[PDB]
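Student: The following file, protein.cif, comprises mmCIF, N, CA and C atoms and all ligand atoms:
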```cif
data_protein
loop_
_atom_site.label_atom_id
_atom_site.label_comp_id
_atom_site.auth_asym_id
_atom_site.auth_seq_id
_atom_site.Cartn_x
_atom_site.Cartn_y
_atom_site.Cartn_z
N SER W 1 205.10 257.21 88.36
CA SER W 1 203.68 257.36 88.65
C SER W 1 203.45 258.35 89.83
N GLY W 2 202.20 258.74 90.05
CA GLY W 2 201.86 259.64 91.14
C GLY W 2 200.63 260.48 90.84
N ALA W 3 199.91 260.87 91.89
CA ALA W 3 198.71 261.68 91.73
C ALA W 3 198.61 262.77 92.82
N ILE W 4 197.78 263.80 92.58
CA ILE W 4 197.44 264.82 93.59
C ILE W 4 195.98 264.56 93.96
N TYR W 5 195.69 264.56 95.26
CA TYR W 5 194.36 264.29 95.79
C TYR W 5 193.89 265.51 96.55
N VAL W 6 192.99 266.30 95.95
CA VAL W 6 192.43 267.51 96.57
C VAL W 6 190.91 267.45 96.49
N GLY W 7 190.23 267.54 97.65
CA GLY W 7 188.77 267.47 97.70
C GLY W 7 188.25 266.19 97.07
N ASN W 8 187.26 266.29 96.16
CA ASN W 8 186.76 265.09 95.47
C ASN W 8 187.45 264.94 94.08
N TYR W 9 188.71 265.41 93.94
CA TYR W 9 189.44 265.31 92.67
C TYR W 9 190.73 264.48 92.79
N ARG W 10 191.19 263.94 91.66
CA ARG W 10 192.44 263.20 91.51
C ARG W 10 193.11 263.75 90.27
N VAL W 11 194.30 264.33 90.42
CA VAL W 11 195.02 264.91 89.29
C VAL W 11 196.17 263.99 88.88
N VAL W 12 196.21 263.56 87.62
CA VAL W 12 197.25 262.66 87.13
C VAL W 12 197.84 263.17 85.80
N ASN W 13 198.95 262.55 85.31
CA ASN W 13 199.42 262.85 83.95
C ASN W 13 198.36 262.23 83.02
N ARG W 14 197.95 262.94 82.00
CA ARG W 14 196.94 262.45 81.05
C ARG W 14 197.37 261.11 80.41
N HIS W 15 198.66 261.00 80.02
CA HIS W 15 199.23 259.78 79.40
C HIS W 15 199.24 258.56 80.33
N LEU W 16 199.12 258.77 81.64
CA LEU W 16 199.11 257.68 82.61
C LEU W 16 197.71 257.40 83.21
N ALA W 17 196.67 258.12 82.78
CA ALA W 17 195.33 257.95 83.31
C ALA W 17 194.79 256.54 83.03
N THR W 18 194.01 256.01 83.97
CA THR W 18 193.44 254.66 83.87
C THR W 18 192.02 254.69 83.25
N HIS W 19 191.40 253.50 83.01
CA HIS W 19 190.03 253.38 82.53
C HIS W 19 189.06 254.07 83.50
N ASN W 20 189.33 253.95 84.82
CA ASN W 20 188.54 254.52 85.89
C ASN W 20 188.62 256.04 85.86
N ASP W 21 189.83 256.62 85.64
CA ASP W 21 190.00 258.07 85.51
C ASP W 21 189.15 258.59 84.35
N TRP W 22 189.20 257.91 83.20
CA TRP W 22 188.41 258.30 82.02
C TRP W 22 186.90 258.10 82.21
N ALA W 23 186.47 257.08 82.96
CA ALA W 23 185.03 256.86 83.19
C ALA W 23 184.44 257.87 84.20
N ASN W 24 185.30 258.55 84.98
CA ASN W 24 184.93 259.55 85.98
C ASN W 24 185.62 260.88 85.65
N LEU W 25 185.77 261.19 84.34
CA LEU W 25 186.44 262.36 83.78
C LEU W 25 185.79 263.65 84.21
N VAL W 26 186.59 264.59 84.75
CA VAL W 26 186.12 265.92 85.13
C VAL W 26 186.65 266.93 84.09
N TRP W 27 187.94 266.83 83.78
CA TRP W 27 188.60 267.72 82.83
C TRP W 27 189.88 267.06 82.33
N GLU W 28 190.24 267.27 81.07
CA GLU W 28 191.52 266.80 80.55
C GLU W 28 192.05 267.78 79.49
N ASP W 29 193.39 267.97 79.44
CA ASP W 29 194.01 268.85 78.44
C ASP W 29 195.27 268.16 77.91
N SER W 30 195.19 267.67 76.66
CA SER W 30 196.29 266.98 75.99
C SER W 30 197.55 267.86 75.87
N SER W 31 197.35 269.16 75.59
CA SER W 31 198.47 270.08 75.46
C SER W 31 199.16 270.37 76.80
N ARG W 32 198.49 270.10 77.93
CA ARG W 32 199.09 270.27 79.26
C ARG W 32 199.55 268.93 79.85
N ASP W 33 199.15 267.77 79.27
CA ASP W 33 199.44 266.43 79.83
C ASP W 33 198.75 266.27 81.18
N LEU W 34 197.55 266.88 81.37
CA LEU W 34 196.82 266.72 82.64
C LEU W 34 195.45 266.07 82.43
N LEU W 35 195.01 265.33 83.45
CA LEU W 35 193.69 264.77 83.49
C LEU W 35 193.24 264.86 84.96
N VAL W 36 192.01 265.30 85.20
CA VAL W 36 191.43 265.30 86.55
C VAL W 36 190.19 264.36 86.52
N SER W 37 190.09 263.46 87.50
CA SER W 37 188.95 262.56 87.65
C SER W 37 188.33 262.76 89.06
N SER W 38 187.07 262.31 89.23
CA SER W 38 186.38 262.46 90.50
C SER W 38 186.61 261.24 91.41
N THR W 39 186.67 261.48 92.72
CA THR W 39 186.88 260.44 93.74
C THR W 39 185.74 260.44 94.74
N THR W 40 185.47 259.29 95.36
CA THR W 40 184.43 259.21 96.39
C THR W 40 185.03 259.67 97.72
N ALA W 41 186.26 259.23 98.02
CA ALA W 41 186.94 259.62 99.23
C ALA W 41 187.45 261.05 99.11
N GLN W 42 187.46 261.78 100.23
CA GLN W 42 187.95 263.15 100.27
C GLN W 42 189.50 263.22 100.39
N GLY W 43 190.14 263.90 99.45
CA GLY W 43 191.59 264.13 99.44
C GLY W 43 191.96 265.35 100.27
N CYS W 44 193.20 265.41 100.80
CA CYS W 44 193.55 266.55 101.65
C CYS W 44 194.90 267.17 101.34
N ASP W 45 195.32 267.13 100.06
CA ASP W 45 196.52 267.83 99.60
C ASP W 45 196.15 269.34 99.51
N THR W 46 197.14 270.20 99.67
CA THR W 46 196.92 271.65 99.57
C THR W 46 197.56 272.14 98.29
N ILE W 47 196.78 272.78 97.39
CA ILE W 47 197.36 273.32 96.15
C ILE W 47 197.97 274.68 96.42
N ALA W 48 199.18 274.95 95.95
CA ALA W 48 199.79 276.28 96.14
C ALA W 48 199.11 277.26 95.20
N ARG W 49 198.89 278.48 95.69
CA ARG W 49 198.33 279.61 94.96
C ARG W 49 199.37 280.74 95.11
N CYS W 50 200.36 280.73 94.22
CA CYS W 50 201.50 281.64 94.34
C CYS W 50 202.25 281.74 92.99
N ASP W 51 203.35 282.51 92.96
CA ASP W 51 204.22 282.56 91.78
C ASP W 51 205.64 282.11 92.13
N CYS W 52 205.81 281.24 93.15
CA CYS W 52 207.10 280.67 93.56
C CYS W 52 207.90 280.12 92.39
N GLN W 53 209.21 280.22 92.47
CA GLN W 53 210.09 279.63 91.47
C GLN W 53 211.17 278.74 92.10
N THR W 54 210.97 278.32 93.35
CA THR W 54 211.84 277.41 94.06
C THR W 54 210.92 276.46 94.81
N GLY W 55 211.34 275.21 94.90
CA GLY W 55 210.57 274.17 95.56
C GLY W 55 211.30 272.85 95.62
N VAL W 56 210.61 271.77 96.03
CA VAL W 56 211.21 270.45 96.16
C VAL W 56 210.36 269.41 95.42
N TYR W 57 211.00 268.57 94.58
CA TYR W 57 210.26 267.51 93.87
C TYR W 57 210.73 266.10 94.24
N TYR W 58 209.85 265.11 94.03
CA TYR W 58 210.21 263.73 94.31
C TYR W 58 210.61 263.03 93.03
N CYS W 59 211.80 262.43 93.03
CA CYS W 59 212.35 261.72 91.87
C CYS W 59 212.40 260.24 92.21
N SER W 60 211.43 259.43 91.72
CA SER W 60 211.43 258.01 92.05
C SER W 60 212.59 257.23 91.48
N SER W 61 213.17 257.68 90.34
CA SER W 61 214.33 256.99 89.78
C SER W 61 215.61 257.16 90.61
N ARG W 62 215.55 257.91 91.72
CA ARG W 62 216.64 258.12 92.67
C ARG W 62 216.19 257.95 94.13
N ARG W 63 214.88 257.74 94.39
CA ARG W 63 214.27 257.62 95.72
C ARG W 63 214.66 258.81 96.60
N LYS W 64 214.67 260.01 96.00
CA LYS W 64 215.11 261.22 96.69
C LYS W 64 214.23 262.40 96.34
N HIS W 65 214.22 263.38 97.25
CA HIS W 65 213.60 264.67 97.01
C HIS W 65 214.75 265.63 96.62
N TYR W 66 214.50 266.53 95.67
CA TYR W 66 215.51 267.49 95.24
C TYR W 66 215.00 268.92 95.29
N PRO W 67 215.78 269.83 95.91
CA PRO W 67 215.40 271.25 95.86
C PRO W 67 215.77 271.82 94.46
N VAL W 68 214.86 272.57 93.83
CA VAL W 68 215.08 273.08 92.48
C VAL W 68 214.58 274.51 92.31
N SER W 69 215.18 275.21 91.34
CA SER W 69 214.70 276.49 90.85
C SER W 69 214.01 276.10 89.58
N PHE W 70 212.85 276.68 89.29
CA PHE W 70 212.12 276.32 88.08
C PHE W 70 211.57 277.55 87.38
N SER W 71 211.33 277.44 86.08
CA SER W 71 210.83 278.57 85.29
C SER W 71 209.31 278.74 85.52
N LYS W 72 208.75 279.89 85.11
CA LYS W 72 207.31 280.14 85.22
C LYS W 72 206.56 279.35 84.12
N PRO W 73 205.28 279.01 84.32
CA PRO W 73 204.55 278.20 83.32
C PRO W 73 204.57 278.77 81.91
N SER W 74 204.95 277.96 80.91
CA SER W 74 205.07 278.46 79.54
C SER W 74 204.92 277.39 78.44
N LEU W 75 204.86 277.82 77.16
CA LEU W 75 204.75 276.92 76.00
C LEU W 75 206.14 276.42 75.68
N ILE W 76 206.42 275.15 75.93
CA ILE W 76 207.74 274.59 75.69
C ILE W 76 207.64 273.44 74.72
N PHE W 77 208.54 273.40 73.72
CA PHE W 77 208.56 272.32 72.74
C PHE W 77 209.04 271.02 73.42
N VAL W 78 208.30 269.92 73.19
CA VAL W 78 208.56 268.62 73.80
C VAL W 78 208.65 267.59 72.70
N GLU W 79 209.79 266.89 72.63
CA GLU W 79 210.05 265.82 71.67
C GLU W 79 209.02 264.72 71.74
N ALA W 80 208.85 264.00 70.61
CA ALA W 80 207.93 262.87 70.52
C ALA W 80 208.23 261.78 71.55
N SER W 81 207.20 261.05 71.93
CA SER W 81 207.25 259.89 72.80
C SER W 81 206.19 258.90 72.25
N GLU W 82 205.99 257.73 72.89
CA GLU W 82 204.95 256.80 72.43
C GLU W 82 203.52 257.28 72.76
N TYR W 83 203.39 258.37 73.55
CA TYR W 83 202.11 258.93 73.98
C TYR W 83 201.69 260.15 73.20
N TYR W 84 202.66 260.94 72.72
CA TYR W 84 202.36 262.14 71.96
C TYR W 84 203.40 262.33 70.87
N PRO W 85 203.02 262.88 69.70
CA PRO W 85 204.07 263.25 68.72
C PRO W 85 204.79 264.53 69.18
N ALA W 86 205.83 264.97 68.47
CA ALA W 86 206.55 266.20 68.81
C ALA W 86 205.55 267.39 68.80
N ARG W 87 205.45 268.13 69.91
CA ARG W 87 204.47 269.21 70.01
C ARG W 87 204.90 270.26 71.04
N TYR W 88 204.15 271.37 71.14
CA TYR W 88 204.36 272.33 72.22
C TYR W 88 203.46 271.94 73.38
N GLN W 89 204.02 271.82 74.58
CA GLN W 89 203.23 271.55 75.77
C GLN W 89 203.09 272.86 76.53
N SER W 90 201.87 273.24 76.88
CA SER W 90 201.63 274.49 77.61
C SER W 90 201.66 274.29 79.15
N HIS W 91 201.76 275.40 79.89
CA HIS W 91 201.78 275.44 81.36
C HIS W 91 202.90 274.55 81.91
N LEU W 92 204.03 274.48 81.19
CA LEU W 92 205.15 273.65 81.58
C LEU W 92 206.27 274.46 82.23
N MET W 93 206.86 273.94 83.31
CA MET W 93 207.95 274.61 84.04
C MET W 93 209.22 273.74 84.01
N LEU W 94 210.39 274.28 83.61
CA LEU W 94 211.61 273.48 83.60
C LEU W 94 212.56 273.80 84.77
N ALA W 95 213.31 272.78 85.21
CA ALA W 95 214.35 272.87 86.23
C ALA W 95 215.54 272.01 85.80
N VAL W 96 216.72 272.33 86.29
CA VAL W 96 217.91 271.51 86.08
C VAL W 96 217.78 270.40 87.12
N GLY W 97 217.67 269.17 86.66
CA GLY W 97 217.47 268.04 87.55
C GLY W 97 217.29 266.73 86.80
N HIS W 98 217.32 265.62 87.54
CA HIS W 98 217.18 264.31 86.94
C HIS W 98 215.69 263.90 86.74
N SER W 99 215.38 263.33 85.57
CA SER W 99 214.00 262.91 85.28
C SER W 99 213.97 261.83 84.20
N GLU W 100 213.30 260.71 84.49
CA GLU W 100 213.07 259.58 83.60
C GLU W 100 211.56 259.41 83.38
N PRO W 101 211.08 258.79 82.27
CA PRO W 101 209.63 258.65 82.06
C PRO W 101 208.83 258.12 83.26
N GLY W 102 209.32 257.10 83.93
CA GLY W 102 208.65 256.54 85.12
C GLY W 102 208.56 257.48 86.31
N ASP W 103 209.29 258.60 86.26
CA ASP W 103 209.26 259.66 87.27
C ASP W 103 208.04 260.58 87.13
N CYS W 104 207.29 260.51 86.00
CA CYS W 104 206.06 261.32 85.80
C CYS W 104 205.10 261.06 86.93
N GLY W 105 204.55 262.11 87.54
CA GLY W 105 203.65 261.96 88.67
C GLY W 105 204.27 262.38 90.00
N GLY W 106 205.60 262.51 90.05
CA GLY W 106 206.28 263.00 91.25
C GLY W 106 205.84 264.43 91.48
N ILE W 107 205.49 264.75 92.72
CA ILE W 107 204.99 266.07 93.06
C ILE W 107 206.09 267.13 93.25
N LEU W 108 205.83 268.35 92.80
CA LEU W 108 206.69 269.48 93.07
C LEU W 108 205.93 270.33 94.13
N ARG W 109 206.62 270.71 95.21
CA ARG W 109 206.00 271.46 96.28
C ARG W 109 206.83 272.67 96.67
N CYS W 110 206.16 273.75 97.04
CA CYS W 110 206.80 274.93 97.62
C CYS W 110 206.24 275.07 99.09
N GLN W 111 206.58 276.14 99.81
CA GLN W 111 206.03 276.37 101.16
C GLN W 111 204.49 276.57 101.16
N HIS W 112 203.88 276.85 99.99
CA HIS W 112 202.42 277.03 99.89
C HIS W 112 201.65 275.77 99.55
N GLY W 113 202.33 274.74 99.10
CA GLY W 113 201.68 273.49 98.74
C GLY W 113 202.16 272.91 97.43
N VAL W 114 201.30 272.11 96.81
CA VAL W 114 201.58 271.46 95.56
C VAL W 114 201.59 272.46 94.43
N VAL W 115 202.66 272.49 93.66
CA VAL W 115 202.79 273.38 92.52
C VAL W 115 202.40 272.65 91.23
N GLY W 116 202.86 271.41 91.09
CA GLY W 116 202.59 270.61 89.90
C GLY W 116 203.20 269.22 89.95
N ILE W 117 203.18 268.49 88.83
CA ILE W 117 203.73 267.14 88.80
C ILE W 117 204.75 266.96 87.66
N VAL W 118 205.74 266.05 87.84
CA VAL W 118 206.70 265.72 86.79
C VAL W 118 205.97 265.23 85.54
N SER W 119 206.36 265.74 84.37
CA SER W 119 205.73 265.40 83.11
C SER W 119 206.75 265.24 81.97
N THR W 120 207.91 265.91 82.04
CA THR W 120 208.93 265.78 80.99
C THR W 120 210.35 265.62 81.59
N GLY W 121 211.34 265.31 80.75
CA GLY W 121 212.73 265.18 81.17
C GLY W 121 213.67 264.93 80.01
N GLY W 122 214.95 264.74 80.30
CA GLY W 122 215.97 264.50 79.28
C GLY W 122 216.94 265.67 79.16
N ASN W 123 218.18 265.42 78.77
CA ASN W 123 219.21 266.46 78.66
C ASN W 123 219.53 267.14 80.01
N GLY W 124 219.32 266.43 81.12
CA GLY W 124 219.56 267.00 82.44
C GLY W 124 218.49 267.99 82.88
N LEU W 125 217.33 267.99 82.23
CA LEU W 125 216.24 268.88 82.59
C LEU W 125 215.04 268.06 83.12
N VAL W 126 214.18 268.68 83.95
CA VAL W 126 212.98 268.06 84.45
C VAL W 126 211.84 269.08 84.23
N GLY W 127 210.74 268.62 83.62
CA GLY W 127 209.59 269.48 83.34
C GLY W 127 208.42 269.13 84.22
N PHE W 128 207.75 270.15 84.80
CA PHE W 128 206.60 269.99 85.69
C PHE W 128 205.39 270.65 85.07
N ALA W 129 204.26 269.93 85.06
CA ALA W 129 203.02 270.47 84.56
C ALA W 129 202.44 271.26 85.74
N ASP W 130 202.22 272.57 85.56
CA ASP W 130 201.68 273.42 86.63
C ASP W 130 200.20 273.15 86.92
N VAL W 131 199.79 273.26 88.22
CA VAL W 131 198.40 273.11 88.60
C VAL W 131 197.86 274.35 89.39
N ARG W 132 198.71 275.32 89.74
CA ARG W 132 198.35 276.51 90.51
C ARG W 132 197.24 277.43 89.87
N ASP W 133 197.05 277.38 88.55
CA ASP W 133 196.02 278.17 87.89
C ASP W 133 194.63 277.52 87.95
N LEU W 134 194.55 276.22 88.33
CA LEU W 134 193.28 275.48 88.40
C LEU W 134 192.62 275.76 89.75
N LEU W 135 192.03 276.97 89.90
CA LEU W 135 191.39 277.43 91.13
C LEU W 135 190.19 276.58 91.54
N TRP W 136 189.51 275.95 90.55
CA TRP W 136 188.35 275.09 90.77
C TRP W 136 188.66 273.80 91.51
N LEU W 137 189.94 273.42 91.62
CA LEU W 137 190.32 272.22 92.37
C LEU W 137 189.96 272.35 93.87
N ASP W 138 189.80 273.60 94.38
CA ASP W 138 189.48 273.93 95.77
C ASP W 138 188.02 274.21 96.03
N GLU W 139 187.14 274.00 95.05
CA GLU W 139 185.73 274.33 95.22
C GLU W 139 184.83 273.42 94.39
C1 LIG F 201 213.84 261.22 78.37
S1 LIG F 201 212.13 261.37 77.82
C2 LIG F 201 211.23 261.73 79.30
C3 LIG F 201 211.86 261.81 80.54
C4 LIG F 201 211.11 262.06 81.68
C5 LIG F 201 209.75 262.23 81.59
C6 LIG F 201 209.12 262.16 80.36
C7 LIG F 201 209.84 261.91 79.20
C8 LIG F 201 209.11 261.80 77.88
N1 LIG F 201 207.65 261.79 78.00
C9 LIG F 201 207.05 263.12 77.80
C10 LIG F 201 205.59 263.19 78.28
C11 LIG F 201 204.95 264.48 77.79
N2 LIG F 201 204.52 265.31 78.73
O1 LIG F 201 204.86 264.73 76.59
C12 LIG F 201 204.85 261.96 77.73
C13 LIG F 201 205.48 260.65 78.21
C14 LIG F 201 206.99 260.62 78.17
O2 LIG F 201 207.58 259.56 78.27
ZN ZN F 202 204.66 278.96 96.59
#
```
How does the structure come out when it is put into structure tokens?
Tutor:
Amino acid sequence: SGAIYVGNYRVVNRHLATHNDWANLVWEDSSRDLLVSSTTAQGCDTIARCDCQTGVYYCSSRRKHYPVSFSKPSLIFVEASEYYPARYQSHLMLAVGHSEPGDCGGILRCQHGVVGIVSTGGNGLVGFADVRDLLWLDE
């Protein structure tokens, strides 16, 4: 689990969104596995606005942060799960690293801020849903 809190927004994995996230829906994209909902309290996370390909992510299945090299956002084929059938997920970045389903929501960060959140894994790979293109999260 895990969320990004920026301004009056809350960014989560779409498959993990609650009834409250859906009742206060701002934007959602099934092909990206993202959902943004509105919050009353002001969040103070900083979103990165860059093209970095190195950063650090939090892996709850190991209680550790890991430094990783990751690919640029792209259309990557993702095997079926109980939340989605086999499909292409867009704006997805892969790294060599450990990732389990319960790890979804762990933040990936570079020196500029939050890059994205854990969304996929398996075969020794970890996939992050990118958030750097969502410029409206800051306004
Ligand atoms: C070993 S499978 C795995 C591992 C880490 C993280 C996620 C998975 C599989 N997964 C993919 C998500 C997606 N974005 O389509 C939806 C929920 C889910 O459990
Ligand atoms: Zn950066």
Student: Quick one: what's the axis-aligned box for range 40-47 of chain W, all listed atoms, 3 Å on every side, centre and edges in Å to one decimal, as JSON?
Tutor:
```
{"center_x": 191.2, "center_y": 266.9, "center_z": 98.5, "size_x": 19.5, "size_y": 21.5, "size_z": 12.3}
```
Student: Smallest atom-to-atom distance to ligand ZN 202 (chain F): which of W:99, W:74, W:54, W:18, using only C-alpha atoms and all ligand atoms?
Tutor: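 Checking each candidate against ligand ZN 202 (chain F), we get W:54 as the closest.
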Student: Set the distance at 6.5 Å and use only N, CA and C atoms: which residues neighbour residue 104 in chain W once local chain neighbours fewer than 2 positions away are removed? I'd like the list as a PyMOL selection string.
Tutor: chain W and resi 1-2+100-102+106+117-120
Student: As a PDB file with N, CA and C atoms, in the frame of the given file, please: every protein or nucleic acid residue near ligand ZN 202 (chain F) (cut-off 7 Å, counting all atoms listed in the file).
Tutor:
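For reference, result.pdb as written:
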```pdb
ATOM      1  N   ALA W  48     199.180 274.950  95.950  1.00  0.00           N
ATOM      2  CA  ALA W  48     199.790 276.280  96.140  1.00  0.00           C
ATOM      3  C   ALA W  48     199.110 277.260  95.200  1.00  0.00           C
ATOM      4  N   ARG W  49     198.890 278.480  95.690  1.00  0.00           N
ATOM      5  CA  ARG W  49     198.330 279.610  94.960  1.00  0.00           C
ATOM      6  C   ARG W  49     199.370 280.740  95.110  1.00  0.00           C
ATOM      7  N   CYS W  50     200.360 280.730  94.220  1.00  0.00           N
ATOM      8  CA  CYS W  50     201.500 281.640  94.340  1.00  0.00           C
ATOM      9  C   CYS W  50     202.250 281.740  92.990  1.00  0.00           C
ATOM     10  N   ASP W  51     203.350 282.510  92.960  1.00  0.00           N
ATOM     11  CA  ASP W  51     204.220 282.560  91.780  1.00  0.00           C
ATOM     12  C   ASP W  51     205.640 282.110  92.130  1.00  0.00           C
ATOM     13  N   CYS W  52     205.810 281.240  93.150  1.00  0.00           N
ATOM     14  CA  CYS W  52     207.100 280.670  93.560  1.00  0.00           C
ATOM     15  C   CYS W  52     207.900 280.120  92.390  1.00  0.00           C
ATOM     16  N   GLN W  53     209.210 280.220  92.470  1.00  0.00           N
ATOM     17  CA  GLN W  53     210.090 279.630  91.470  1.00  0.00           C
ATOM     18  C   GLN W  53     211.170 278.740  92.100  1.00  0.00           C
ATOM     19  N   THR W  54     210.970 278.320  93.350  1.00  0.00           N
ATOM     20  CA  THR W  54     211.840 277.410  94.060  1.00  0.00           C
ATOM     21  C   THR W  54     210.920 276.460  94.810  1.00  0.00           C
ATOM     22  N   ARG W 109     206.620 270.710  95.210  1.00  0.00           N
ATOM     23  CA  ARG W 109     206.000 271.460  96.280  1.00  0.00           C
ATOM     24  C   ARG W 109     206.830 272.670  96.670  1.00  0.00           C
ATOM     25  N   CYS W 110     206.160 273.750  97.040  1.00  0.00           N
ATOM     26  CA  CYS W 110     206.800 274.930  97.620  1.00  0.00           C
ATOM     27  C   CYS W 110     206.240 275.070  99.090  1.00  0.00           C
ATOM     28  N   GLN W 111     206.580 276.140  99.810  1.00  0.00           N
ATOM     29  CA  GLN W 111     206.030 276.370 101.160  1.00  0.00           C
ATOM     30  C   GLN W 111     204.490 276.570 101.160  1.00  0.00           C
ATOM     31  N   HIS W 112     203.880 276.850  99.990  1.00  0.00           N
ATOM     32  CA  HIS W 112     202.420 277.030  99.890  1.00  0.00           C
ATOM     33  C   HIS W 112     201.650 275.770  99.550  1.00  0.00           C
ATOM     34  N   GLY W 113     202.330 274.740  99.100  1.00  0.00           N
ATOM     35  CA  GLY W 113     201.680 273.490  98.740  1.00  0.00           C
ATOM     36  C   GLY W 113     202.160 272.910  97.430  1.00  0.00           C
TER      37      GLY W 113
END
```
Student: Using only C-alpha atoms, which protein or nucleic acid residues come within 8 Å of residue 37 in chain W? Drop anything in the same chain fewer than 6 positions from it, and give the result as an mmCIF file with N, CA and C atoms, in the frame of the given file.
Tutor:
```cif
data_model
loop_
_atom_site.group_PDB
_atom_site.id
_atom_site.type_symbol
_atom_site.label_atom_id
_atom_site.label_comp_id
_atom_site.auth_asym_id
_atom_site.auth_seq_id
_atom_site.Cartn_x
_atom_site.Cartn_y
_atom_site.Cartn_z
ATOM 1 N N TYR W 9 188.710 265.410 93.940
ATOM 2 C CA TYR W 9 189.440 265.310 92.670
ATOM 3 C C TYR W 9 190.730 264.480 92.790
ATOM 4 N N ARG W 10 191.190 263.940 91.660
ATOM 5 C CA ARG W 10 192.440 263.200 91.510
ATOM 6 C C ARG W 10 193.110 263.750 90.270
ATOM 7 N N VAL W 11 194.300 264.330 90.420
ATOM 8 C CA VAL W 11 195.020 264.910 89.290
ATOM 9 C C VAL W 11 196.170 263.990 88.880
ATOM 10 N N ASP W 21 189.830 256.620 85.640
ATOM 11 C CA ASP W 21 190.000 258.070 85.510
ATOM 12 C C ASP W 21 189.150 258.590 84.350
ATOM 13 N N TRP W 22 189.200 257.910 83.200
ATOM 14 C CA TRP W 22 188.410 258.300 82.020
ATOM 15 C C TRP W 22 186.900 258.100 82.210
ATOM 16 N N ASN W 24 185.300 258.550 84.980
ATOM 17 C CA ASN W 24 184.930 259.550 85.980
ATOM 18 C C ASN W 24 185.620 260.880 85.650
ATOM 19 N N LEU W 25 185.770 261.190 84.340
ATOM 20 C CA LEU W 25 186.440 262.360 83.780
ATOM 21 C C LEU W 25 185.790 263.650 84.210
ATOM 22 N N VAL W 26 186.590 264.590 84.750
ATOM 23 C CA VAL W 26 186.120 265.920 85.130
ATOM 24 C C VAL W 26 186.650 266.930 84.090
ATOM 25 N N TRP W 27 187.940 266.830 83.780
ATOM 26 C CA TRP W 27 188.600 267.720 82.830
ATOM 27 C C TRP W 27 189.880 267.060 82.330
#
```
Student: Quick check for you: according to DSSP on this backbone, which residues of range 23-54 of chain W are classed as strand (DSSP E)? Reply as a short mmCIF file (atom, residue, chain, number, x, y, z; two decimals) with N, CA and C atoms, in the frame of the given file.
Tutor:
```cif
data_model
loop_
_atom_site.label_atom_id
_atom_site.label_comp_id
_atom_site.auth_asym_id
_atom_site.auth_seq_id
_atom_site.Cartn_x
_atom_site.Cartn_y
_atom_site.Cartn_z
N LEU W 25 185.77 261.19 84.34
CA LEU W 25 186.44 262.36 83.78
C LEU W 25 185.79 263.65 84.21
N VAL W 26 186.59 264.59 84.75
CA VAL W 26 186.12 265.92 85.13
C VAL W 26 186.65 266.93 84.09
N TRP W 27 187.94 266.83 83.78
CA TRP W 27 188.60 267.72 82.83
C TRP W 27 189.88 267.06 82.33
N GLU W 28 190.24 267.27 81.07
CA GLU W 28 191.52 266.80 80.55
C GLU W 28 192.05 267.78 79.49
N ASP W 29 193.39 267.97 79.44
CA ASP W 29 194.01 268.85 78.44
C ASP W 29 195.27 268.16 77.91
N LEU W 34 197.55 266.88 81.37
CA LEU W 34 196.82 266.72 82.64
C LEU W 34 195.45 266.07 82.43
N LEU W 35 195.01 265.33 83.45
CA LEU W 35 193.69 264.77 83.49
C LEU W 35 193.24 264.86 84.96
N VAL W 36 192.01 265.30 85.20
CA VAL W 36 191.43 265.30 86.55
C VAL W 36 190.19 264.36 86.52
N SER W 37 190.09 263.46 87.50
CA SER W 37 188.95 262.56 87.65
C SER W 37 188.33 262.76 89.06
N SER W 38 187.07 262.31 89.23
CA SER W 38 186.38 262.46 90.50
C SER W 38 186.61 261.24 91.41
N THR W 39 186.67 261.48 92.72
CA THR W 39 186.88 260.44 93.74
C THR W 39 185.74 260.44 94.74
N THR W 40 185.47 259.29 95.36
CA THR W 40 184.43 259.21 96.39
C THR W 40 185.03 259.67 97.72
N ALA W 41 186.26 259.23 98.02
CA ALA W 41 186.94 259.62 99.23
C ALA W 41 187.45 261.05 99.11
N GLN W 42 187.46 261.78 100.23
CA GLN W 42 187.95 263.15 100.27
C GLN W 42 189.50 263.22 100.39
N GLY W 43 190.14 263.90 99.45
CA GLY W 43 191.59 264.13 99.44
C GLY W 43 191.96 265.35 100.27
N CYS W 44 193.20 265.41 100.80
CA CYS W 44 193.55 266.55 101.65
C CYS W 44 194.90 267.17 101.34
N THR W 54 210.97 278.32 93.35
CA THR W 54 211.84 277.41 94.06
C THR W 54 210.92 276.46 94.81
#
```
Student: Rank nothing, just name the residue among W:34, W:92, W:41, W:107 nearest to residue 8 in chain W, using only N, CA and C atoms.
Tutor: W:41
Student: Give me, please, the distance in Å between atom C of residue 98 in chain W and atom N of residue 35 in chain W, quoted to one decimal.
Tutor: 21.0 Å
Student: Neighbours of ligand LIG 201 (chain F) at 10 Å or closer, counting only C-alpha atoms and all ligand atoms: which residues, as an NGL selection string?
Tutor: :W and (13-16 or 30-34 or 77-90 or 92 or 98-105 or 118-129)
Student: To one decimal place, how far is CA of residue 5 in chain W from CA of residue 29 in chain W in Å?
Tutor: 17.9 Å
Student: One number please: atom C of residue 64 in chain W to CA of residue 4 in chain W, in Å, one decimal.
Tutor: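 Between these atoms lies a distance of 17.2 Å.
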Student: Taking only range 7-138 of chain W into account, list the residues labelled helix (DSSP H, G or I) by DSSP (computed from the backbone), as a PyMOL selection string.
Tutor: chain W and resi 14-16+19-23+101-103+135-138
Student: Using all atoms listed in the file, which residue out of W:66, W:61, W:7, W:75 lies closest to residue 38 in chain W?
Tutor: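 Closest to residue 38 in chain W, using all atoms listed in the file: W:7.
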